[PDB]
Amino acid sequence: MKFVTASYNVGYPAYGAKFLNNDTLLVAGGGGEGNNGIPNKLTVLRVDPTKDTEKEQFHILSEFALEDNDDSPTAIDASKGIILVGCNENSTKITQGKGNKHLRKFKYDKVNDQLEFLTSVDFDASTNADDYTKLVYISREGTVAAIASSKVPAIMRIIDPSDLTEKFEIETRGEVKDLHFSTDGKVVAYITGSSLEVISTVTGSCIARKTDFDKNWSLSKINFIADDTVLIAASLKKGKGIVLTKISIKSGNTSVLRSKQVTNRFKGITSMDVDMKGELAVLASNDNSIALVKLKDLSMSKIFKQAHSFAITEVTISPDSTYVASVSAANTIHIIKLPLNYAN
């Protein structure tokens, strides 16, 4: 079975990507703070991998130049017009205590193809330039968001993405590997390497947790796939493989619905996304593959080998499930076009 694919070098190491609509892709990344002449940017592209030339396949609509001597962005998300970007200021500034407005709010003006900076905030008050914003997610309705820094033990901050105010701070036990919101925004679930923690975004209260996973599993990624159901991807510590598990969440309780080792071909994964329909998952592996997983069967149906040269940093599915995009620190964007209703 053949898939239409296309690739493009965006000109800088890419660390984040998100579809803004069915064919418009936001990419973020950069050369970092050094005097290397490699910019730090947000780029909005219209994608159509069926066109004849790379410039037609990847049509640049807008670019926003971040500071040349800013760090490169590390994480982004977008919902309901709000774009949130995690990006450190210059390291000297951070270390001196001048402030680090590391969570930034942008919008993209569709009518005009213009990106605009709106506001930014220093949430962490960090003076350690080695710490960065590892996770940024916004809920589907766009009224709550969560961020988490790279520092361990991690703090997860639940925030209002309209004005960048903090709702509350969650002091977690150790490293936060990933997090995701329920579609109604009322619940946030996060994972450490060995546990699932489920928290109310309304009260900050604990809803449920699970710590009794197989001792050979290192939890890696989490996404909601139905109202009260999460998909967790884990890697094997000893041996090689990826396990996917579906877990329902109740007040005070969780239940494992279904679990399957979907492959022994990958040691780890760098990124995962699930489509709006909850039918398709996409994985990026440590060895630079993109994999398609049909969730109804938990079956890995296709692997694209060497989709990027190294360091796939994010994979994202368009809202209509037509396109899978991935980006990498090797400066490339890879697009796969999927058949209608593929995940069935």
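One-based numbering along the sequence shown.
Across the two stretches, 262-270 and 218-226, the PDB entry reports the greater mean Cα temperature factor for 262-270. Stretches compared: 149-157, 87-95. Higher mean C-alpha B-factor in the entry: 149-157. Take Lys134, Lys240, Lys177, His180 and read off each C-alpha B-factor from the entry; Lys240 has the highest. The top Cα temperature factor in the record, among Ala234, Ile247, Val202, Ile82, falls on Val202. In this PDB entry, the Cα temperature factor of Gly278 sits in the top third of its chain's modelled residues, the highest group.
Remark: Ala208 belongs to the middle third of its chain, ranked by C-alpha B-factor as recorded. Among the modelled residues of its chain, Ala65 has a C-alpha B-factor that falls in the middle third, as given in the PDB entry. When the CA B factors of the chain's modelled residues are split into thirds, the value for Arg140 lands in the middle one. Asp124 sits in the middle third of its chain by CA B factor, as recorded in the PDB entry.
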